[PDB]
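Okay, so here's just one chain, in structure tokens, the form deposited in one PDB entry.
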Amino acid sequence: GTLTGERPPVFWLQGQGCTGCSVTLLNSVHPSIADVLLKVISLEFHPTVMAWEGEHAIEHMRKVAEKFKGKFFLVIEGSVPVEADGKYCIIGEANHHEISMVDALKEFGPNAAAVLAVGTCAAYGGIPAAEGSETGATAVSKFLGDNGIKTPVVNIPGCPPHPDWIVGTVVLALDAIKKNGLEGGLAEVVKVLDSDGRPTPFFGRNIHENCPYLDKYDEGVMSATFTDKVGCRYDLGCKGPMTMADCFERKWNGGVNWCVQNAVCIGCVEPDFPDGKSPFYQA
């Protein structure tokens, strides 16, 4: 990219998120986040980092959305709570009208080129939708479908995702669009999504079948304490067998560690996270 290059507009809306999906993106090594923001995308609305505020920030997004109707990328971080007429997540106020996350997705969702559901909350419901919750936390694709909104959705899950999965999916899409135009490009992206809407370059391989401790698993040599790094982590709760992600190879935070080396995999990219991956510390 260049400072003077083509950079498509992106709005980043936070529903029931923890901001971890923004923080993980800030950890991108290559391209760095500075290069992403200044050379790859035009991040026009993002409440954690943008200069302006309040109704002025909302109106800025609305002006850009009108100029780029059908052409902006909408990133959703967090689930969308439908109970209590949307009151469990208000994202802004303009013209003396509160804007719930429900309202915002009904407003911007239909006019996006594509919706990138970043993180397991947005993709699948995640912790806010887990047992004991009461807000009607809903995944992006289900919310849009329930409301007749046909805009393409790409899921980039994880709790949080690796920065490379987020940036890499953007790059995948921008490449396909450069080659084929917007509609043809998004069709090429959809062709490389698995049945859970995840891009197969990042989510097409199973952790366990590629794990360096697989020999120990097959031998039945299981660590009985977390700090035993020789044995397999299965008895300590590792969910690698049921998890589709490339963490075994790219690892985390500049390659310095990953969950299975350090402790256990908790299956954070999977549609049933957390309840179907719990208890975390037994098989």
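Between two forms, the rigid core is defined as the largest C-alpha subset superposing within 1.5 Å. We number the residues from 1 along the sequence you see.
Missing here is the form deposited in another entry; even so, the following discussion is about that form.
Of the residues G231, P31, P47, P241, exactly one exceeds or equals a 2 Å C-alpha shift between this form and the one not shown once the rigid core is aligned, and that residue is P31. With a change of no less than 3 Å, the CA-CA distance between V49 and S32 is larger in the other form than in the form shown. Panel note: the distance between the CA atoms of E183 and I33 is smaller in the other form than in this form, the difference being 3 Å or more.
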